[PDB]
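Peer 1: Provide a 3D model corresponding to the input given below.
(2 chains, ligands or ions: 6)
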There are 2 protein chains.
Amino acid sequence: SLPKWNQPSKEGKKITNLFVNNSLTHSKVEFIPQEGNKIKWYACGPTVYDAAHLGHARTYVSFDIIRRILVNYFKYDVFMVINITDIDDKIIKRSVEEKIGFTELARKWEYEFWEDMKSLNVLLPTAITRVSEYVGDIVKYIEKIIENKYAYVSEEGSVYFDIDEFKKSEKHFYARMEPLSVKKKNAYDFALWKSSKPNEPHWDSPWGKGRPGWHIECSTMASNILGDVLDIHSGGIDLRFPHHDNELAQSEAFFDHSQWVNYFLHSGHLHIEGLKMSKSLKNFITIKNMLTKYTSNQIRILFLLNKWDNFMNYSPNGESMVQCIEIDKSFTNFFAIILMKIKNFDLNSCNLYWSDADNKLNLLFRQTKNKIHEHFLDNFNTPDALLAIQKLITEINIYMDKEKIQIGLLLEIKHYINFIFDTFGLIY
Amino acid sequence: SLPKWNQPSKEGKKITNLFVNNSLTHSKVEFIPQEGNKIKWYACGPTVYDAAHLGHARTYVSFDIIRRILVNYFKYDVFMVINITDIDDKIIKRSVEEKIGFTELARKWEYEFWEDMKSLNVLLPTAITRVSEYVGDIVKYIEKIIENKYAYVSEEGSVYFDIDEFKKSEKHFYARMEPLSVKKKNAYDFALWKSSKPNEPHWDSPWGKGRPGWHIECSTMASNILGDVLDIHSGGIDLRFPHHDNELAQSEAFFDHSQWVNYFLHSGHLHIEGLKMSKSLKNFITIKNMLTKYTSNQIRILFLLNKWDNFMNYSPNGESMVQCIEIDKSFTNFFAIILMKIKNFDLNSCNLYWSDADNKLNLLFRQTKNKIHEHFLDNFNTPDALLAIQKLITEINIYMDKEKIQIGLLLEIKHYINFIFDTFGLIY
Ligand code: NA
Ligand code: NA
Ligand code: NA
Ligand code: NA
Ligand SMILES: [Zn+2]
Ligand SMILES: [Zn+2]
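Peer 2: Residues are numbered from 1 along each chain as shown, chains lettered A, B, ... in the order given. Ligands and ions are numbered 1, 2, ... in the order given. I have put the structure below:
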């Protein structure tokens, strides 16, 4: 009565001994690509009806950091997809209040979302999948699920996923990640196609005018780009059920297999004074507003200090940002000194004998590289990797102040720290 | 009667399946670190009495490329040492001609050597070991060899390595890499310490005023920094015997072990009209003169097009540089075009449906990454990796000209090309 998970076979794959917190196993398990060194990755994107806020920044900066670690640090080949939910009841309601068209509202706030991501040095995905551009593919996706007998059509023209039929199959389990969270045959059945009121935006289908259900959007778009097995699927933890568990059920029903996703990664949400930052509560800080108070580096350090899959509390009025500003200042001043010493070093007059002080710094340098390696393997532990960099910088600053300078050693140290800061998404 | 070679054990090491051309085995063998992902690497540097020329550029740019592949691409931890031979008969003779002082002449041309390396975007090594700063350590190194009974002192105050005594030992073999190339007990004995000629610069020693022999300099300095096992030792192929084979004998004698170096890499020399570029022949082109006609990128492309361990012929008067200029121009124009397409892309008015043209380009993109990976694993095959990049750029240009653009895909491809060009040492 418990869902089973199959670890990908290691033969022929890139093996880093990376471990990740997999919501499918509720445990840290070794990460193994489905093919070679390739990672097919789908991450749920925003619903675009208003300005993005610091909670959205936490989600996509956290996954940006993970992506940079996977690509820049481990040298996996990441094929990444992020969707835009530009059809949704919230977009419809806001469009009528503002008296603008639904498409015009969604495109404006999708544009501002990407501008905010770029301002935070978040990389764009390989593919951007908008629901409004994939409705035809969604209809075909639903037709296959019906043909596989896992969805039924109501009299009013809606289509519902048939939970009971899906569970019956030995190969299928419903709600793999949150089993206990569980016209219609059963109440738990969810809509793949919702019959549209004539005043709502709608699309033609074999079953009548309607709109896609929320969950089928992501199953369709991820399946069309990345296929029948995703290495990684990600989102905020609140999407784990019903949204993501329903995605798994739909995609298994479409492909008639047992494991559409190998690793499901859920980031923790940003809370402010204990409650999730959300437009509903009126506790939100837009990313643009945040960037008039703090820099991209400082905001990224905020998220580097909080493990990606843990809940974090943000204390406003600068309280949480005090530490980020101090860390940012120490990185700026370290780079200032080391860059100048490299530039002004004179090979004509120096002595380059490899001293004991040189050897000690070099030993700490190589040791720090191994510590950071273990931290990244440990489920992307950026808080301890950042601390390791701080400790190394403290010793480099002492060395630059007092000791005779090995120019090449300082240059190599500078390149390594730049490599880690590129992996973090910091720009100095 | 054949030297034996021991491959390092794979347990606990970083294993990339990289193969390198090892002069100790005269074959391509898998590269396995002695410890973890670490690479201790010593490369023979210049003798500094005159301007550096294009032959030197080939050696140190080739090793710079290999180092960048090892560090930036494969993520090995490389600890690299390059020496400066600033005591040598050539420096002594040139100093009497120039009358500016022996130390001062050597320091002048060492300074210009490093300036030329920087002009070619060649990274400084972790440690720079000048012979003049290590004479005391050289004397102690020779003392240990004598104490181990592998060197004797002549009446005139020179010290010679005792080949016959060294060979007798079961654990030792003399001239491991070129076995057939082979006061003194035997003619083949070589000097560790040279009694000082009158009027020449000299240093104190237990055996009298003198200068180090050439080979003992590199054994001493490499051993002092990197210890009793080097992962890599490198130099131009003409150094393989007697210089490098003698280095192995001296270092084995000092540590009384059987394998001082695991992988000995020898770069091919640059020839011009069939003869090695050399100050003696008067066929040389200085790096400075080369840089008044061509750029760092163009010169680096010249060397990327020639496998590092093969001989290359250089046709002067621009003939060889015609192809390098064409390639460099196409890279500059590619970046101009793609940056313009990215900057002019408007997320507000676009359609981002993942088209057949998008999928075709992405498939070629991932395929190109695997081709380049296999080229680097195949003994640092930069000529075919560069060709793979050129082919990819040809298809990206076609895609940018006609197809509707997936902005995220173009950015990701640009970042990969930036990564490969950082690995090559090209700057655009
Ligand atoms: Na079942
Ligand atoms: Na939930
Ligand atoms: Na022997
Ligand atoms: Na030779
Ligand atoms: Zn989703
Ligand atoms: Zn040498």
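
Peer 1: dump the residue contacts of the residue most central in space within chain A.
Peer 2: Taking Cα atoms, centre = their mean as the criterion, residue A:63 is the residue nearest the geometric centre of chain A, at 2.7 Å. With Cβ atoms under 8 Å, 6 or more residues apart in numbering or on different chains as the criterion, the residues that contact residue A:63 are A:43, A:234, A:265, A:267, A:308. Every C-beta, even on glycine, is put in place using the N, C-alpha and C of the backbone.

Peer 1: host element of it?
Peer 2: helix A:54-68 (DSSP states H and E).

Peer 1: Which residues does the nearest residue to residue A:184 once chain neighbours are set aside form beta bridges with?
Peer 2: The spatially closest residue to residue A:184, leaving aside those adjacent along the chain, is residue A:160, at 5.6 Å (Cβ to Cβ, 6 or more residues apart in numbering or on different chains). Partner residues in beta bridges with residue A:160, using DSSP bridges, are residue A:152, residue A:191.

Peer 1: neighbours around residue A:160, how many?
Peer 2: Around residue A:160 sit 20 other residues, with neighbours defined as other Cβ atoms under 10 Å in any protein chain shown.

Peer 1: same thing with residue A:3?
Peer 2: Residues within reach of residue A:3, counting by other Cβ under 10 Å, total 16.

Peer 1: Can I take it that it is in a strand?
Peer 2: No - per DSSP: H, G, I helix; E, B strand; the rest coil, residue A:3 lies outside any strand segment and is coil.

Peer 1: Bridged to the residue nearest to residue A:226 when sequence neighbours are not counted, which residues?
Peer 2: Spatial nearest neighbour of residue A:226, chain neighbours left out: residue A:40 (4.3 Å); criterion: Cβ to Cβ, 6+ apart. Applying DSSP bridges to residue A:40 gives these bridge partners: residue A:79.

Peer 1: hang on, residue A:40 packs against residue A:228?
Peer 2: No - under the criterion of Cβ atoms under 8 Å, residue A:40 is not in contact with residue A:228, lying 10.2 Å apart.

Peer 1: What strand or helix carries residue A:194?
Peer 2: In the assignment (DSSP H and E), residue A:194 maps to strand A:191-195.

Peer 1: tally of neighbours for the one residue in the stretch 151-300 of chain A that gets nearest to ligand 4?
Peer 2: The stretch 151-300 of chain A approaches ligand 4 most closely through residue A:231 (51.1 Å), counting by Cβ to the ion. Around residue A:231 there are 23 other residues, counting by other Cβ under 10 Å.

Peer 1: secondary structure class for it?
Peer 2: Secondary structure assignment for residue A:231 (three-state DSSP): strand.

Peer 1: before we move on, what about residue A:317?
Peer 2: For residue A:317, the assignment made with three-state DSSP gives coil.

Peer 1: The helix or strand just after the strand holding residue A:194 packs against which elements?
Peer 2: Sequence-wise, the next helix or strand downstream of strand A:191-195 (DSSP H and E) is strand A:210-212. Taking 3 or more Cβ pairs under 8 Å, 6 or more residues apart in numbering or on different chains; DSSP states H and E as contact, the helices and strands that strand A:210-212 lies on are strand A:191-195.

Peer 1: Could you list the residues in contact with the strand it packs on?
Peer 2: Outside of strand A:191-195, the residues within contact range by Cβ under 8 Å, 6+ apart are A:139, A:142, A:145, A:151, A:154, A:156-161, A:205, A:207-213, A:215-216, A:250.

Peer 1: Dump it to PDB, keeping only the CA atoms.
Peer 2: Extracted as PDB, the C-alpha positions of strand A:191-195 are listed here (Å, rounded to 0.1, in the frame of the first residue of the first chain):
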ATOM      1  CA  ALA A 191     -10.700  18.400 -13.800                       C
ATOM      2  CA  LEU A 192      -8.600  18.000 -16.900                       C
ATOM      3  CA  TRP A 193     -10.900  20.300 -18.900                       C
ATOM      4  CA  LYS A 194     -13.400  22.800 -17.400                       C
ATOM      5  CA  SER A 195     -16.500  23.700 -19.300                       C
END
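
Peer 1: I'd like the distance from it to the chain centre, please.
Peer 2: For strand A:191-195, the gap between its own C-alpha mean and the chain's C-alpha mean amounts to 28 Å (Cα atoms, centre = their mean, to the nearest Å).

Peer 1: near ligand 2, which residues of chain A?
Peer 2: Taking Cβ under 5 Å from the ion as the criterion, the neighbours of ligand 2 within chain A are A:238, A:241.

Peer 1: Remind me what the longest helix anywhere in chain A packs against, helices and strands.
Peer 2: Across chain A, the longest stretch assigned as helix under DSSP state H is helix A:321-344. In this structure, helix A:321-344 makes packing contacts with helix A:296-304, helix A:382-402, helix A:407-424, judged by 3+ Cβ pairs under 8 Å, 6+ apart.

Peer 1: Go ahead and name everything in contact with the helix or strand just after that helix.
Peer 2: Reading on from helix A:321-344 to the C-terminus, the next helix or strand found by DSSP H and E is helix A:356-377. Residues external to helix A:356-377 that are found in contact with it (Cβ under 8 Å, 6+ apart): A:16-19, A:69, A:73-74, A:381-382, A:384-385, A:388-389, A:391-392, A:395-396, A:399, A:403-404, A:406, A:409, A:412-413, A:416, A:420, B:36, B:38, B:77, B:79, B:126-127.

Peer 1: can you list the domain ranges for chain A.
Peer 2: Partitioning chain A according to automatic domain parsing yields domains covering residues A:19-314, A:321-424.

Peer 1: which ones are touching the residue in the stretch 101-250 of chain A that ligand 4 sits nearest to?
Peer 2: Residue of the stretch 101-250 of chain A nearest ligand 4, by Cβ to the ion: residue A:123 (50.0 Å). Under the criterion of Cβ under 8 Å, 6+ apart, the neighbours of residue A:123 are A:64, A:67, A:68, B:411, B:412, B:415.

Peer 1: distance of the nearest residue to the fifth one once chain neighbours are set aside from residue B:337?
Peer 2: Taking Cβ to Cβ, 6+ apart, and ignoring the residues beside it in sequence, residue B:412 has residue A:126 as its nearest neighbour in space, at 5.5 Å. Here residue A:126 is placed at a distance of 20 Å from residue B:337 (Cβ to Cβ, to the nearest Å).
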